[PDB]
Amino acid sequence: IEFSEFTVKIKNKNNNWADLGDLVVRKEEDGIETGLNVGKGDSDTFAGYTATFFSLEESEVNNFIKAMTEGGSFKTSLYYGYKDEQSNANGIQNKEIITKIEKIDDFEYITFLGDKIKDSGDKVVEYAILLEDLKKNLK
């Protein structure tokens, strides 16, 4: 593995598809951590919202690369998601992420579902990230 840390724009769907913020992807000694940065800086608070989004351990690293460049699946060790998700407060462990390559306005995105919305039941958030952005950083 050659990458260190990179940043991609991440969109979510609740519709519409909306631009949400940045996803920061970091290779750690054991596995990968992602963090989400959402919204405005201030003085000089970096963003409105900065936190671990999910993480995964070393043994899922090859699944994550394949999933994020070709579509597939990987297991997170820990998933929080964003503030609307039930997981955001307390995390969910061992949640499997399923990725798909889908077209939105003619461009290929990697899409995936997150967790259920905090106080709906069955309704889950969906995320998308430009496929080329991921391929170039994860080769």
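All residue numbers are counted from 1 along the displayed sequence.
Which of 106-114 and 54-62 has higher mean CA B factor, as the PDB entry lists it
Comparing averages over the C-alpha atoms only gives 106-114.
Which is higher in the entry, the mean Cα B factor of 123-131 or that of 20-28?
Comparing averages over the C-alpha atoms only gives 123-131.
In the PDB entry, which of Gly72, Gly35, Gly91, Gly48 has its C-alpha at the highest B-factor?
Most elevated C-alpha B-factor of the set, per the entry: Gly48.
Going by the CA temperature factor in the PDB record, which third of the chain does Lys83 belong to: lowest, middle or highest?
Answer is highest: the recorded C-alpha B-factor places it there.
Among all modelled residues of this chain, ranked by Cα B factor, put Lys95 in the bottom, middle or top third, i.e. lowest, middle or highest.
Lowest third.
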